[PDB]
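Text of protein29.cif, listed as mmCIF, C-alpha atoms and all ligand atoms:
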```cif
data_final
#
loop_
_atom_site.group_PDB
_atom_site.id
_atom_site.type_symbol
_atom_site.label_atom_id
_atom_site.label_comp_id
_atom_site.auth_asym_id
_atom_site.auth_seq_id
_atom_site.Cartn_x
_atom_site.Cartn_y
_atom_site.Cartn_z
ATOM 1 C CA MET A 1 87.657 -130.872 44.457
ATOM 2 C CA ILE A 2 87.279 -128.553 47.482
ATOM 3 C CA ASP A 3 88.382 -129.547 50.997
ATOM 4 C CA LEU A 4 86.303 -127.481 53.461
ATOM 5 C CA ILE A 5 87.705 -126.882 56.982
ATOM 6 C CA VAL A 6 85.696 -124.925 59.566
ATOM 7 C CA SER A 7 86.997 -123.476 62.838
ATOM 8 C CA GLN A 8 84.483 -123.507 65.685
ATOM 9 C CA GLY A 9 86.866 -123.118 68.609
ATOM 10 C CA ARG A 10 87.507 -119.743 70.174
ATOM 11 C CA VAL A 11 90.662 -118.078 68.888
ATOM 12 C CA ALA A 12 90.858 -114.806 70.869
ATOM 13 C CA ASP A 13 87.400 -113.715 69.640
ATOM 14 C CA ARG A 14 86.335 -110.303 70.938
ATOM 15 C CA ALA A 15 83.216 -110.239 68.743
ATOM 16 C CA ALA A 16 80.109 -112.158 69.793
ATOM 17 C CA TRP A 17 78.904 -113.742 66.518
ATOM 18 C CA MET A 18 81.998 -114.719 64.508
ATOM 19 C CA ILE A 19 81.835 -118.445 65.393
ATOM 20 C CA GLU A 20 78.200 -118.433 64.279
ATOM 21 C CA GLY A 21 79.169 -116.466 61.170
ATOM 22 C CA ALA A 22 81.720 -119.105 60.243
ATOM 23 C CA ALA A 23 79.154 -121.894 60.741
ATOM 24 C CA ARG A 24 76.557 -120.153 58.569
ATOM 25 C CA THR A 25 79.146 -119.436 55.858
ATOM 26 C CA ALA A 26 80.297 -123.074 55.930
ATOM 27 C CA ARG A 27 76.706 -124.307 55.681
ATOM 28 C CA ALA A 28 76.030 -122.240 52.542
ATOM 29 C CA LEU A 29 79.160 -123.662 50.888
ATOM 30 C CA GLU A 30 78.254 -127.229 51.848
ATOM 31 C CA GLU A 31 74.801 -126.807 50.281
ATOM 32 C CA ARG A 32 76.048 -124.930 47.205
ATOM 33 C CA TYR A 33 78.943 -127.274 46.402
ATOM 34 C CA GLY A 34 77.777 -130.614 47.844
ATOM 35 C CA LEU A 35 80.525 -130.662 50.481
ATOM 36 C CA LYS A 36 80.859 -131.869 54.049
ATOM 37 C CA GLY A 37 83.009 -129.608 56.196
ATOM 38 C CA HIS A 38 85.610 -130.762 58.684
ATOM 39 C CA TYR A 39 84.593 -128.903 61.872
ATOM 40 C CA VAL A 40 87.327 -128.200 64.466
ATOM 41 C CA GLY A 41 87.144 -126.795 67.997
ATOM 42 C CA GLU A 42 84.609 -126.210 70.784
ATOM 43 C CA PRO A 43 82.797 -122.850 71.030
ATOM 44 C CA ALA A 44 83.528 -120.518 73.953
ATOM 45 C CA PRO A 45 82.321 -116.982 74.821
ATOM 46 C CA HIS A 46 84.065 -113.903 73.467
ATOM 47 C CA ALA A 47 86.210 -111.949 75.915
ATOM 48 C CA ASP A 48 88.554 -108.960 75.949
ATOM 49 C CA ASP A 49 91.553 -110.973 77.172
ATOM 50 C CA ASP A 50 95.169 -110.185 76.357
ATOM 51 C CA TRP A 51 96.856 -112.083 73.529
ATOM 52 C CA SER A 52 99.177 -113.772 76.031
ATOM 53 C CA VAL A 53 96.130 -115.361 77.689
ATOM 54 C CA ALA A 54 93.919 -115.920 74.603
ATOM 55 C CA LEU A 55 96.688 -117.620 72.592
ATOM 56 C CA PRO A 56 97.399 -120.538 75.007
ATOM 57 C CA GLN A 57 93.640 -120.914 75.425
ATOM 58 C CA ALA A 58 93.411 -121.474 71.646
ATOM 59 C CA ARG A 59 96.186 -124.083 71.522
ATOM 60 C CA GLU A 60 94.004 -127.164 71.024
ATOM 61 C CA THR A 61 91.948 -125.559 68.226
ATOM 62 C CA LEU A 62 94.965 -124.099 66.442
ATOM 63 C CA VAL A 63 96.803 -127.417 66.493
ATOM 64 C CA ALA A 64 93.745 -129.219 65.128
ATOM 65 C CA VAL A 65 93.333 -126.645 62.335
ATOM 66 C CA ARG A 66 97.032 -126.937 61.465
ATOM 67 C CA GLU A 67 96.747 -130.711 61.153
ATOM 68 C CA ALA A 68 93.610 -130.618 58.993
ATOM 69 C CA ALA A 69 95.026 -127.841 56.808
ATOM 70 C CA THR A 70 98.296 -129.763 56.413
ATOM 71 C CA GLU A 71 96.457 -132.847 55.109
ATOM 72 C CA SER A 72 94.415 -130.713 52.702
ATOM 73 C CA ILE A 73 97.436 -128.772 51.409
ATOM 74 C CA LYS A 74 99.566 -131.908 50.842
ATOM 75 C CA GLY A 75 96.813 -133.256 48.580
ATOM 76 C CA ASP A 76 95.597 -131.791 45.287
ATOM 77 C CA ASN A 77 92.359 -130.016 46.144
ATOM 78 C CA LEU A 78 91.576 -126.376 46.852
ATOM 79 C CA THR A 79 91.916 -125.830 50.602
ATOM 80 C CA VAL A 80 89.085 -123.646 51.925
ATOM 81 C CA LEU A 81 89.145 -122.626 55.587
ATOM 82 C CA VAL A 82 86.083 -120.859 56.989
ATOM 83 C CA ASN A 83 87.551 -119.295 60.129
ATOM 84 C CA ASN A 84 85.879 -117.425 62.953
ATOM 85 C CA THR A 85 88.794 -114.968 63.422
ATOM 86 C CA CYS A 86 91.878 -114.057 61.432
ATOM 87 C CA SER A 87 93.961 -115.485 64.325
ATOM 88 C CA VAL A 88 93.207 -118.991 63.057
ATOM 89 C CA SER A 89 95.664 -118.102 60.321
ATOM 90 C CA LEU A 90 98.501 -118.121 62.868
ATOM 91 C CA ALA A 91 98.281 -121.907 62.359
ATOM 92 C CA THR A 92 97.588 -122.104 58.619
ATOM 93 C CA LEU A 93 99.933 -119.508 57.113
ATOM 94 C CA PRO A 94 103.114 -121.306 58.341
ATOM 95 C CA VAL A 95 101.818 -124.544 56.754
ATOM 96 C CA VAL A 96 101.225 -122.701 53.443
ATOM 97 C CA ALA A 97 104.633 -121.022 53.436
ATOM 98 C CA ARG A 98 106.263 -124.334 54.373
ATOM 99 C CA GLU A 99 104.541 -126.414 51.683
ATOM 100 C CA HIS A 100 104.658 -123.567 49.084
ATOM 101 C CA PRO A 101 107.735 -121.422 49.766
ATOM 102 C CA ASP A 102 107.075 -119.355 46.597
ATOM 103 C CA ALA A 103 103.420 -118.603 47.299
ATOM 104 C CA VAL A 104 102.230 -115.026 47.574
ATOM 105 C CA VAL A 105 99.744 -114.396 50.375
ATOM 106 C CA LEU A 106 96.978 -111.932 49.513
ATOM 107 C CA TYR A 107 95.917 -110.699 52.984
ATOM 108 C CA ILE A 108 92.691 -108.868 52.199
ATOM 109 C CA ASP A 109 91.757 -106.849 55.257
ATOM 110 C CA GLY A 110 90.625 -103.399 56.319
ATOM 111 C CA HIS A 111 93.568 -103.560 58.756
ATOM 112 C CA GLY A 112 97.247 -104.412 58.591
ATOM 113 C CA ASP A 113 97.076 -107.112 61.339
ATOM 114 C CA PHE A 114 100.827 -106.489 61.678
ATOM 115 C CA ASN A 115 101.213 -105.605 65.360
ATOM 116 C CA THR A 116 103.794 -107.278 67.596
ATOM 117 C CA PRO A 117 103.491 -107.645 71.390
ATOM 118 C CA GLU A 118 105.483 -104.421 71.699
ATOM 119 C CA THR A 119 103.382 -102.318 69.311
ATOM 120 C CA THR A 120 99.832 -103.466 70.028
ATOM 121 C CA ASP A 121 97.583 -100.864 71.667
ATOM 122 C CA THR A 122 94.725 -103.314 72.359
ATOM 123 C CA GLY A 123 96.550 -106.583 73.074
ATOM 124 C CA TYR A 124 94.215 -108.227 70.525
ATOM 125 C CA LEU A 125 95.728 -111.357 68.929
ATOM 126 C CA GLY A 126 93.740 -110.691 65.710
ATOM 127 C CA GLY A 127 95.845 -107.560 65.120
ATOM 128 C CA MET A 128 99.041 -109.653 65.275
ATOM 129 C CA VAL A 129 98.356 -112.394 62.678
ATOM 130 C CA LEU A 130 100.383 -111.470 59.586
ATOM 131 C CA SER A 131 103.299 -110.219 61.683
ATOM 132 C CA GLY A 132 103.277 -113.513 63.581
ATOM 133 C CA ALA A 133 103.323 -115.543 60.379
ATOM 134 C CA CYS A 134 106.192 -113.441 59.050
ATOM 135 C CA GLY A 135 108.136 -114.021 62.287
ATOM 136 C CA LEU A 136 108.239 -110.515 63.725
ATOM 137 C CA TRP A 137 107.096 -112.270 66.917
ATOM 138 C CA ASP A 138 106.744 -115.875 68.086
ATOM 139 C CA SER A 139 103.180 -117.211 68.091
ATOM 140 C CA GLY A 140 104.246 -120.726 69.022
ATOM 141 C CA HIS A 141 102.808 -122.000 65.716
ATOM 142 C CA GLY A 142 105.705 -121.272 63.407
ATOM 143 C CA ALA A 143 106.442 -118.498 60.975
ATOM 144 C CA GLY A 144 108.317 -118.758 57.655
ATOM 145 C CA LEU A 145 106.232 -116.383 55.530
ATOM 146 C CA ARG A 146 108.578 -113.979 53.785
ATOM 147 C CA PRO A 147 107.153 -110.438 54.106
ATOM 148 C CA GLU A 148 108.358 -109.906 50.556
ATOM 149 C CA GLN A 149 105.693 -112.467 49.593
ATOM 150 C CA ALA A 150 102.917 -110.864 51.701
ATOM 151 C CA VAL A 151 100.546 -108.323 50.108
ATOM 152 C CA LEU A 152 97.960 -106.374 52.147
ATOM 153 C CA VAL A 153 94.916 -105.672 49.964
ATOM 154 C CA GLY A 154 92.398 -102.984 50.875
ATOM 155 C CA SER A 155 94.074 -101.888 54.107
ATOM 156 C CA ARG A 156 93.563 -98.237 55.014
ATOM 157 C CA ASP A 157 93.993 -95.828 57.926
ATOM 158 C CA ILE A 158 96.863 -97.805 59.400
ATOM 159 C CA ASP A 159 98.517 -96.548 62.590
ATOM 160 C CA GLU A 160 101.751 -94.784 61.701
ATOM 161 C CA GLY A 161 103.559 -97.070 64.142
ATOM 162 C CA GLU A 162 102.165 -100.220 62.534
ATOM 163 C CA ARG A 163 102.607 -98.802 59.019
ATOM 164 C CA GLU A 164 106.304 -98.320 59.690
ATOM 165 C CA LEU A 165 106.723 -101.954 60.752
ATOM 166 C CA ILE A 166 104.939 -102.950 57.518
ATOM 167 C CA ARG A 167 107.282 -100.960 55.325
ATOM 168 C CA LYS A 168 110.467 -101.917 57.178
ATOM 169 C CA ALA A 169 109.387 -105.559 56.827
ATOM 170 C CA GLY A 170 108.821 -105.175 53.080
ATOM 171 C CA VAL A 171 105.065 -105.881 53.035
ATOM 172 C CA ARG A 172 103.282 -104.219 50.122
ATOM 173 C CA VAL A 173 99.972 -102.415 50.674
ATOM 174 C CA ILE A 174 97.367 -101.958 47.953
ATOM 175 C CA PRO A 175 94.628 -99.642 49.302
ATOM 176 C CA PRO A 176 91.009 -100.091 48.164
ATOM 177 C CA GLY A 177 91.085 -97.385 45.496
ATOM 178 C CA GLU A 178 94.096 -99.140 43.935
ATOM 179 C CA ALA A 179 92.908 -102.744 44.449
ATOM 180 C CA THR A 180 91.888 -103.672 40.927
ATOM 181 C CA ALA A 181 92.250 -107.237 39.684
ATOM 182 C CA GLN A 182 95.154 -106.229 37.430
ATOM 183 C CA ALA A 183 96.864 -104.424 40.288
ATOM 184 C CA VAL A 184 96.530 -107.611 42.357
ATOM 185 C CA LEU A 185 97.613 -109.782 39.398
ATOM 186 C CA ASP A 186 100.695 -107.623 38.913
ATOM 187 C CA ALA A 187 101.502 -108.087 42.613
ATOM 188 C CA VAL A 188 101.515 -111.897 42.616
ATOM 189 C CA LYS A 189 103.560 -112.127 39.342
ATOM 190 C CA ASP A 190 104.219 -115.819 38.564
ATOM 191 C CA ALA A 191 103.571 -117.183 42.072
ATOM 192 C CA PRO A 192 100.925 -119.574 43.365
ATOM 193 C CA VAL A 193 98.448 -117.680 45.529
ATOM 194 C CA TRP A 194 96.842 -117.991 48.978
ATOM 195 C CA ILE A 195 93.888 -115.666 49.637
ATOM 196 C CA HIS A 196 93.006 -114.665 53.206
ATOM 197 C CA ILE A 197 89.885 -112.482 53.577
ATOM 198 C CA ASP A 198 88.771 -110.459 56.622
ATOM 199 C CA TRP A 199 85.279 -109.153 55.780
ATOM 200 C CA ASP A 200 85.926 -105.832 57.584
ATOM 201 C CA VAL A 201 87.711 -104.880 54.313
ATOM 202 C CA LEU A 202 84.343 -104.259 52.646
ATOM 203 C CA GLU A 203 82.595 -100.937 52.378
ATOM 204 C CA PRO A 204 79.786 -101.042 54.997
ATOM 205 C CA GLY A 205 76.635 -102.468 53.409
ATOM 206 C CA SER A 206 75.081 -99.416 51.777
ATOM 207 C CA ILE A 207 75.490 -100.204 48.049
ATOM 208 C CA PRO A 208 72.827 -97.514 47.648
ATOM 209 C CA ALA A 209 76.017 -95.407 47.274
ATOM 210 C CA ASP A 210 76.081 -94.662 43.544
ATOM 211 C CA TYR A 211 77.137 -91.049 44.186
ATOM 212 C CA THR A 212 79.583 -91.741 47.054
ATOM 213 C CA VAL A 213 83.177 -92.875 46.561
ATOM 214 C CA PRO A 214 83.640 -95.880 48.896
ATOM 215 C CA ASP A 215 86.305 -96.105 51.600
ATOM 216 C CA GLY A 216 86.435 -99.908 51.713
ATOM 217 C CA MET A 217 86.447 -102.415 48.887
ATOM 218 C CA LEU A 218 83.198 -103.199 47.046
ATOM 219 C CA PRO A 219 82.010 -106.819 46.677
ATOM 220 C CA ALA A 220 82.599 -106.508 42.933
ATOM 221 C CA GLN A 221 86.316 -105.776 43.471
ATOM 222 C CA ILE A 222 86.685 -108.941 45.553
ATOM 223 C CA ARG A 223 84.813 -110.977 42.951
ATOM 224 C CA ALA A 224 87.039 -109.479 40.256
ATOM 225 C CA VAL A 225 90.096 -110.675 42.231
ATOM 226 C CA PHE A 226 88.719 -114.214 42.435
ATOM 227 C CA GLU A 227 87.906 -114.189 38.668
ATOM 228 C CA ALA A 228 91.473 -113.144 37.814
ATOM 229 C CA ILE A 229 93.569 -115.689 39.770
ATOM 230 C CA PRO A 230 94.072 -118.715 37.467
ATOM 231 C CA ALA A 231 92.524 -121.763 39.137
ATOM 232 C CA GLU A 232 95.770 -123.743 38.696
ATOM 233 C CA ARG A 233 97.641 -121.095 40.739
ATOM 234 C CA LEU A 234 95.140 -120.845 43.624
ATOM 235 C CA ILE A 235 96.398 -122.853 46.599
ATOM 236 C CA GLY A 236 93.596 -122.021 49.017
ATOM 237 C CA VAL A 237 91.250 -119.452 50.513
ATOM 238 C CA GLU A 238 90.471 -118.353 54.073
ATOM 239 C CA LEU A 239 87.201 -116.575 54.857
ATOM 240 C CA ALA A 240 87.238 -114.961 58.310
ATOM 241 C CA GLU A 241 85.296 -112.626 60.610
ATOM 242 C CA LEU A 242 81.659 -112.620 59.567
ATOM 243 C CA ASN A 243 80.023 -111.185 62.696
ATOM 244 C CA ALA A 244 76.382 -112.153 62.201
ATOM 245 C CA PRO A 245 74.168 -114.107 64.637
ATOM 246 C CA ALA A 246 73.067 -117.532 63.480
ATOM 247 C CA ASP A 247 69.415 -117.549 62.344
ATOM 248 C CA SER A 248 69.509 -113.823 61.659
ATOM 249 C CA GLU A 249 68.270 -112.337 58.407
ATOM 250 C CA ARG A 250 71.573 -110.441 58.400
ATOM 251 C CA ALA A 251 73.605 -113.666 58.242
ATOM 252 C CA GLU A 252 71.559 -115.018 55.329
ATOM 253 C CA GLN A 253 72.000 -111.731 53.459
ATOM 254 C CA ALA A 254 75.729 -111.683 54.200
ATOM 255 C CA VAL A 255 76.471 -115.208 53.062
ATOM 256 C CA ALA A 256 74.678 -114.559 49.746
ATOM 257 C CA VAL A 257 77.072 -111.704 48.971
ATOM 258 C CA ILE A 258 79.978 -113.938 50.091
ATOM 259 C CA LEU A 259 78.934 -116.804 47.784
ATOM 260 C CA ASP A 260 78.765 -114.402 44.842
ATOM 261 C CA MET A 261 82.235 -112.996 45.551
ATOM 262 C CA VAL A 262 83.971 -116.388 45.823
ATOM 263 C CA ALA A 263 81.988 -118.212 43.064
ATOM 264 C CA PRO A 264 84.591 -117.709 40.276
ATOM 265 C CA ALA A 265 87.273 -119.461 42.335
ATOM 266 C CA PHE A 266 85.165 -122.191 43.919
ATOM 267 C CA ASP A 267 83.322 -123.012 40.667
ATOM 268 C CA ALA A 268 86.577 -123.561 38.768
ATOM 269 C CA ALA A 269 87.940 -125.741 41.593
ATOM 270 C CA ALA A 270 84.737 -127.790 41.852
ATOM 271 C CA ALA A 271 84.904 -128.446 38.102
ATOM 272 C CA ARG A 272 88.571 -129.657 38.151
HETATM 273 MG MG MG A 301 90.377 -106.310 59.812
HETATM 274 MN MN MN A 302 91.897 -109.241 60.285
#
```

Target encoding structure tokens, full file:
Amino acid sequence: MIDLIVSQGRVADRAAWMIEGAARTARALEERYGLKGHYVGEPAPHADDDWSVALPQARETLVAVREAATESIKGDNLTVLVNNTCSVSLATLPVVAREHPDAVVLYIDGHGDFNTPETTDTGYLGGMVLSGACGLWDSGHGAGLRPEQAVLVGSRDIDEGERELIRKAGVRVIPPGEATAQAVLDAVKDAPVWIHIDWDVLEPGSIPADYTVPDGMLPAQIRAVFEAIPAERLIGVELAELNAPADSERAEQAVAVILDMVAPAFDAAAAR
């Protein structure tokens, strides 16, 4: 079975349509898999606030996500969070690392999200998620993820400052041209696996690019990753940061690509 959890509270969002993108993604999974999602949080407008202001504002939502995720993880289903922003994972990753100390986190993202309060140029909490879960700084929601068990997948063009924190911490990076399924399989070795996806990892929608080498990851590479993780090793999956207005044709087109990428994993869990 699949436990579906959906964040609808603001967690530092600087983009306008990521709460709607989460809702539309959740709806397509409910209809495809016959599920009812557990919806958490109250929507609020996006703003360019500093992390030190946005984080306390998100307290109620983050605590509620943590409690729902904890219940799901303690059980025996596949935990699926559909999150508006990666910052929701400040609450879920410490649960995962606590309940599964040996789990490898595949953090699939165009970015490193490994800034600390002292390195961030923008003050954006979403750039500080994986570093917060690894305990380079205190989010107030725990830490406990060993950086040795964190793997950035598809990150590219990382600030030399941030990239040096990543390597000193011991976080592995697998850039998009190296991010084959086998490469990712070889990275997780014998561990159980948590997959966190930020959709900015993908090559911008112009798959009329048969004669261009892509800079991001292609949908097929993400699907190939889901196909290759054995269902009995997959702890859970987070889908974050679809910026598409609800009702738009763009959202419908985006969630259809998303469903195709995640189908191998969710089909095998729904059959269990
Ligand atoms: Mg990103
Ligand atoms: Mn991210």

Original post:
CA of residue 144 in chain A to CA of residue 62 in chain A: how many Å, to one decimal?
Top reply: 16.9 Å

Near range 184-190 of chain A, 9 Å: range 123-180 of chain A residue rows, closest pairs, all atoms listed in the file, as CSV:
```
residue,atom,partner,partner_atom,distance
A:149,CA,A:188,CA,8.2
A:151,CA,A:187,CA,7.6
A:153,CA,A:184,CA,8.0
A:172,CA,A:187,CA,8.6
A:174,CA,A:184,CA,8.0
A:178,CA,A:184,CA,9.0
A:179,CA,A:184,CA,6.4
A:180,CA,A:184,CA,6.3
```

Write out as JSON lines the residues of chain A that have any atom within 7 Å of an atom of ligand MG 301 (chain A), one row each with the nearest atom pair and its distance in Å to one decimal, counting all atoms listed in the file, sorted by chain and then rising number.
```
{"residue": "A:109", "atom": "CA", "partner": "A:MG301", "partner_atom": "MG", "distance": 4.8}
{"residue": "A:110", "atom": "CA", "partner": "A:MG301", "partner_atom": "MG", "distance": 4.6}
{"residue": "A:111", "atom": "CA", "partner": "A:MG301", "partner_atom": "MG", "distance": 4.3}
{"residue": "A:113", "atom": "CA", "partner": "A:MG301", "partner_atom": "MG", "distance": 6.9}
{"residue": "A:198", "atom": "CA", "partner": "A:MG301", "partner_atom": "MG", "distance": 5.5}
{"residue": "A:200", "atom": "CA", "partner": "A:MG301", "partner_atom": "MG", "distance": 5.0}
{"residue": "A:201", "atom": "CA", "partner": "A:MG301", "partner_atom": "MG", "distance": 6.3}
```

Original post:
Within 10 Å of ligand MN 302 (chain A), counting all atoms listed in the file: which residues, as a PyMOL selection string?
Top reply: chain A and resi 85-87+89+107-114+125-130+155+196-201+240-241

What lies within 8 Å of range 6-17 of chain A using only C-alpha atoms, ignoring chain neighbours under 4 positions off, as a compact mmCIF listing (two decimals) with C-alpha atoms, in the coordinates of the input?
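And here is the file that came out, selection.txt:
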```
# COMPACT_ATOMS: atom_id res chain seq x y z
CA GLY A 21 79.17 -116.47 61.17
CA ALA A 22 81.72 -119.10 60.24
CA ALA A 23 79.15 -121.89 60.74
CA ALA A 26 80.30 -123.07 55.93
CA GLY A 37 83.01 -129.61 56.20
CA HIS A 38 85.61 -130.76 58.68
CA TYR A 39 84.59 -128.90 61.87
CA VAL A 40 87.33 -128.20 64.47
CA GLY A 41 87.14 -126.80 68.00
CA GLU A 42 84.61 -126.21 70.78
CA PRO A 43 82.80 -122.85 71.03
CA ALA A 44 83.53 -120.52 73.95
CA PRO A 45 82.32 -116.98 74.82
CA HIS A 46 84.06 -113.90 73.47
CA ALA A 47 86.21 -111.95 75.92
CA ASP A 48 88.55 -108.96 75.95
CA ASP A 49 91.55 -110.97 77.17
CA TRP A 51 96.86 -112.08 73.53
CA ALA A 54 93.92 -115.92 74.60
CA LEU A 55 96.69 -117.62 72.59
CA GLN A 57 93.64 -120.91 75.42
CA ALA A 58 93.41 -121.47 71.65
CA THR A 61 91.95 -125.56 68.23
CA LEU A 62 94.96 -124.10 66.44
CA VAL A 65 93.33 -126.64 62.34
CA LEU A 81 89.14 -122.63 55.59
CA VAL A 82 86.08 -120.86 56.99
CA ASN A 83 87.55 -119.30 60.13
CA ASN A 84 85.88 -117.42 62.95
CA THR A 85 88.79 -114.97 63.42
CA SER A 87 93.96 -115.48 64.32
CA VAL A 88 93.21 -118.99 63.06
CA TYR A 124 94.22 -108.23 70.53
CA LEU A 125 95.73 -111.36 68.93
CA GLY A 126 93.74 -110.69 65.71
CA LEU A 242 81.66 -112.62 59.57
CA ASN A 243 80.02 -111.18 62.70
CA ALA A 244 76.38 -112.15 62.20
CA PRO A 245 74.17 -114.11 64.64
CA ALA A 246 73.07 -117.53 63.48
```

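Here CA of residue 220 in chain A and CA of residue 175 in chain A stand 15.2 Å from one another.
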
Original post:
Do you have the CA of residue 35 in chain A-CA of residue 103 in chain A distance handy?
Top reply: 26.1 Å

Original post:
Excluding same-chain residues fewer than 2 positions from residue 75 in chain A, what lies within 12 Å of it counting all atoms listed in the file, as an NGL selection string?
Top reply: :A and (1-3 or 68-73 or 77-79 or 99 or 235-236)

Subject >> the PyMOL selection byres (((chain A and resi 229-231) around 10) and not hetatm) resolved against shown file, as a list in words >> reply: residues 78, 181, 182, 184, 185, 188, 192, 193, 195, 224, 225, 226, 227, 228, 232, 233, 234, 235, 236, 264, 265, 266, 267, 268, 269 and 272 of chain A

Could those selected residues go to a file with C-alpha atoms, as a short mmCIF file (atom, residue, chain, number, x, y, z; two decimals), in the coordinates of the input?
```cif
data_model
loop_
_atom_site.label_atom_id
_atom_site.label_comp_id
_atom_site.auth_asym_id
_atom_site.auth_seq_id
_atom_site.Cartn_x
_atom_site.Cartn_y
_atom_site.Cartn_z
CA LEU A 78 91.58 -126.38 46.85
CA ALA A 181 92.25 -107.24 39.68
CA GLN A 182 95.15 -106.23 37.43
CA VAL A 184 96.53 -107.61 42.36
CA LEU A 185 97.61 -109.78 39.40
CA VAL A 188 101.52 -111.90 42.62
CA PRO A 192 100.92 -119.57 43.36
CA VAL A 193 98.45 -117.68 45.53
CA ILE A 195 93.89 -115.67 49.64
CA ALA A 224 87.04 -109.48 40.26
CA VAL A 225 90.10 -110.68 42.23
CA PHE A 226 88.72 -114.21 42.44
CA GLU A 227 87.91 -114.19 38.67
CA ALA A 228 91.47 -113.14 37.81
CA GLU A 232 95.77 -123.74 38.70
CA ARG A 233 97.64 -121.10 40.74
CA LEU A 234 95.14 -120.84 43.62
CA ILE A 235 96.40 -122.85 46.60
CA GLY A 236 93.60 -122.02 49.02
CA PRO A 264 84.59 -117.71 40.28
CA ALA A 265 87.27 -119.46 42.34
CA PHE A 266 85.16 -122.19 43.92
CA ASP A 267 83.32 -123.01 40.67
CA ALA A 268 86.58 -123.56 38.77
CA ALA A 269 87.94 -125.74 41.59
CA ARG A 272 88.57 -129.66 38.15
#
```

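When only C-alpha atoms are used to compute distances to residue 145 in chain A, the closest of the residues A:92, A:115, A:253, A:122 turns out to be A:92.
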
Subject >> Who sits within 10 Å of residue 169 in chain A, only C-alpha atoms, same chain under 5 positions skipped, as JSON, numbers by chain >> reply: {"A": [114, 131, 134, 136, 146, 147, 148, 150, 163, 164]}

Original post:
Which of these, A:95, A:271, A:252, A:237, has the shortest distance to residue 24 in chain A once you count all atoms listed in the file?
Top reply: A:252

Produce the centre coordinates and the three edge lengths, each in Å to one decimal, of the box along x, y and z that contains all listed atoms of range 100-110 of chain A with 5 Å added on each side, as AutoDock Vina command-line options.
```
--center_x 99.2 --center_y -113.5 --center_z 51.5 --size_x 27.1 --size_y 30.2 --size_z 19.7
```

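Here the question is which of A:162, A:238, A:157, A:249 gets nearest to residue 215 in chain A using all atoms listed in the file, and that residue is A:157.
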
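Comparing the minimum interatomic distances between residue 203 in chain A and each of A:191, A:177, A:29, A:138, counting all atoms listed in the file, we find that A:177 sits nearest.
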
**OP:** For each of A:206, A:119, A:139, A:25, take the minimum atom-to-atom distance to residue 4 in chain A, counting all atoms listed in the file, then give the residue where this is smallest.
**Re:** A:25

Original post:
Which of these, A:97, A:143, A:80, A:105, has the shortest distance to residue 30 in chain A once you count all atoms listed in the file?
Top reply: A:80

Please write a file for range 12-24 of chain A, taken from the block I just shared, that holds N, CA and C atoms and is laid out as a compact mmCIF listing (two decimals), in the first residue's frame.
```txt
# COMPACT_ATOMS: atom_id res chain seq x y z
N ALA A 12 8.34 28.58 3.31
CA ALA A 12 9.31 29.52 2.77
C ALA A 12 9.13 29.80 1.28
N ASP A 13 8.01 29.37 0.68
CA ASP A 13 7.85 29.43 -0.77
C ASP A 13 8.15 30.83 -1.31
N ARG A 14 9.05 30.89 -2.29
CA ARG A 14 9.29 32.10 -3.07
C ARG A 14 8.66 32.03 -4.46
N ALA A 15 8.20 30.86 -4.87
CA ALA A 15 7.50 30.68 -6.13
C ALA A 15 6.01 30.73 -5.86
N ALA A 16 5.26 31.19 -6.87
CA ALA A 16 3.83 31.45 -6.72
C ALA A 16 2.95 30.19 -6.80
N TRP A 17 3.34 29.16 -7.54
CA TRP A 17 2.39 28.09 -7.87
C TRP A 17 2.82 26.72 -7.35
N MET A 18 3.73 26.66 -6.37
CA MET A 18 4.19 25.35 -5.91
C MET A 18 3.20 24.66 -4.96
N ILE A 19 2.39 25.42 -4.20
CA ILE A 19 1.33 24.76 -3.42
C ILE A 19 0.26 24.20 -4.36
N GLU A 20 -0.08 24.94 -5.41
CA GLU A 20 -1.02 24.40 -6.39
C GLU A 20 -0.42 23.22 -7.14
N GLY A 21 0.89 23.25 -7.39
CA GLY A 21 1.51 22.15 -8.11
C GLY A 21 1.50 20.88 -7.30
N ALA A 22 1.69 21.00 -5.99
CA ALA A 22 1.60 19.86 -5.11
C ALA A 22 0.17 19.29 -5.10
N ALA A 23 -0.83 20.17 -5.02
CA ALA A 23 -2.22 19.70 -5.00
C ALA A 23 -2.57 18.95 -6.29
N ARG A 24 -2.18 19.50 -7.44
CA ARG A 24 -2.48 18.85 -8.71
C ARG A 24 -1.73 17.53 -8.86
```
